[PDB]
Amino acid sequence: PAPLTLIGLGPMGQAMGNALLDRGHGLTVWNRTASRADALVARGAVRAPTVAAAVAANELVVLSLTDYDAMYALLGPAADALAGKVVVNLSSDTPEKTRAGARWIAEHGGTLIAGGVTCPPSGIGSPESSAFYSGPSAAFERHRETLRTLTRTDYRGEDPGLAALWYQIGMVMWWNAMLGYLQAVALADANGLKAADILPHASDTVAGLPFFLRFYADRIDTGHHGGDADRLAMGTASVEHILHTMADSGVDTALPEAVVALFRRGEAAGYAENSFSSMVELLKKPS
């Protein structure tokens, strides 16, 4: 296993360093809050005295930060020592800001590989976990084996915005579902039910979603938005029932209103008798 530097020891960076040490990588770590490296150092990781010494320790520099602005904040001061470094940035951001980070790293002699990890910290090091990757192909292939300690690698192409784009595509569904979980837990709590009580039914419900994803994928892709499978107005009534159920129980209705508002836009566009999938045509229009 090759040596490498890991900068950023939040929940994902910690899980990353432990998986790299489990594999035997010679690991050099640095974190703004130095306290968070103590456990990794006790396992054998090398604590870098500064962020510049961390970058200087290895060719491979893995970042796990909040966004790409944090990369400039951490790497900016010693940016003149980034020449010849491979920076694998595993931080979420937009495709545009991901490309800007790649341009900035190139200006200073390094090369950036963009990554999007699709697993929680407990999934790091597990072969069922995956991460999108995009950036220079030669630099990626050269360090793929090291990156495969963390997750399976899904290389998407040269453009760094690709891995970020694929990450956001899955994350918009993920956050939508998880906030709906909190909304369902909030409704349950208003009626004397715990998250543990609704957990089996909530799990059963989302576990059946892939069949609907497959059913509607090919319908959306051929432009088949006919109301033969479902009628949008019937979905409006369904989401109106959710909203008013929430309101009757005194639970917040900000997100249920937003969902109802989109169905109302669907009906305002004349899609009442078409499938609810027709709202993808509204969602494609800007603003």
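The numbering used is simple: start at 1 and walk along the sequence shown.
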Could you check the entry and say whether 143 to 151 or 86 to 94 has the higher mean CA B-factor?
143 to 151
On average, which has the higher Cα B-factor in the deposited entry, 213 to 221 or 174 to 182?
213 to 221
Out of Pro127, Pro121, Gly110, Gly115, highest CA B-factor residue
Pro127
Listed options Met234, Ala70, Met246, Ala52: highest C-alpha B factor recorded at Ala52
Going by the recorded CA B-factors, say which third of the chain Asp252 sits in, lowest, middle or highest.
lowest
By its CA B factor, does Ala48 count among the lowest, middle or highest third of the modelled residues in the chain?
highest
Third assignment of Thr66 from its chain's C-alpha B-factors:
middle
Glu240, C-alpha B-factor rank within chain (lowest, middle or highest third):
lowest
What third of the chain, by the recorded C-alpha B-factor, contains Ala131?
lowest
